[PDB]
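Accompanying notes for the structure given below.
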Amino acid sequence: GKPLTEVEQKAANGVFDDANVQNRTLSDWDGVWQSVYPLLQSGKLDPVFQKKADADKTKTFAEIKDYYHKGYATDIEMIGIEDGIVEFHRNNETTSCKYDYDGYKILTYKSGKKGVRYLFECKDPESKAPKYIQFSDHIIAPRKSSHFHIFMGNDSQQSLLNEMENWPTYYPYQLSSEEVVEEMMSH
Ligand SMILES: [Zn+2]
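Per the authors' numbering, numbering of the sequence shown is gapless, rising by one per residue and ending at 216.
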């Protein structure tokens with residue numbers, strides 16, 4: 030999309046006022062999406078971690094790698110979103126649900142930076158998809174997503190709001206692995 034304004038870039042970096050957060054529709058995440066975890070497993074993110082560790086004098090390669098290893102781990106390799114339906118691919122199995130929007134939640138992290146979770150709920154009794162999902166993607170108002178983090182669970186939304194360590198991360202399926210590492214090198 031368009032380059033971010035200064036205000037949108039600050040929001041992407043976790044700086045914004047609650048009054049500037051707006052609701053979003055599921056279609057902001059329409060598309061087919063690939064988990065980045067297989068890239069981590071295969072060593073393709075080694076240059077990303079080398080770059081971050083060289084730049085942060087307070088962190089070692091191992092500490093950076095372990096952080097993203099915990100962050101990215103998931104067995105959901107692919108997510109498809111279209112026509113109000115999210116489908117999850119785990120090995121050779123698919124589950125899906127027509128998710129209902131339930132608003133957003135503004136979280137404030139230990140650093141004082143903030144982030145917004147967009148909440149959805151599955152109310153289809155015939156579905157085996159996660160009952161609760163939340164999207165987080167460094168965007169706080171309608172805009173098509175470039176990559177997203179998704180929190181999935183079956184117990185409650187608060188349960189997912191408590192999750193800070195694991196944040197399965199998805200880029201568009203149509204990007205090459207080079208192209209994904211490329212985007213990650215710039216973050
Ligand atoms: Zn991110």
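Using N, Cα and C, we set each Cβ at its ideal position, and we do this for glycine too.
- If you compare the alpha carbons of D104, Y202, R172, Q79 with that of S215, the shortest gap goes to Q79.
- Scanning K142, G144, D104, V36 for the CA closest to the CA of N121 turns up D104.
- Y202 carries a coil assignment under DSSP once its states are collapsed to helix, strand and coil.
- Residue environment for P76: exposed (fewer than 16 other C-beta atoms within 10 angstroms of its C-beta).
- At a threshold of 7 Å, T34 does not count as near ligand 1, since its beta carbon sits no closer than that to any of the ligand's heavy atoms.
- Around the Cβ of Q70, a 10 Å sphere holds fewer than 16 other Cβ atoms; the residue is exposed.
- Within the model, the alpha-carbon separation for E207 versus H118 is close to 23 Å.
- Per DSSP, the unbroken alpha helix (DSSP H) holding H98 starts and ends at 90–101.
- Boundaries of the beta strand (DSSP E) harbouring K127: 122–127, taken from the DSSP string.
- Taking a cut-off of 8 Å for Cβ pairs, the region 135–148 and the region 96–115 do not touch, as fewer than three such pairs fall below it.
- For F180, the enclosing beta strand (DSSP E) begins and ends at 177–182.
- A distance of 8 Å or more separates the beta carbons of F149 and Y133.
- Between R53 and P171, the CB-CB gap stays under 8 Å.
- Per DSSP, the unbroken alpha helix (DSSP H) holding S188 starts and ends at 186–190.
- In this structure, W62 and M107 form a Cβ contact; the two beta carbons are roughly 7 Å apart against a cut-off of 8 Å.
- By the Cβ neighbour-count rule, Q186 is buried, with 16 or more other Cβ atoms within 10 Å of its own.
- In the DSSP assignment, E150 forms a beta bridge with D129, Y161.
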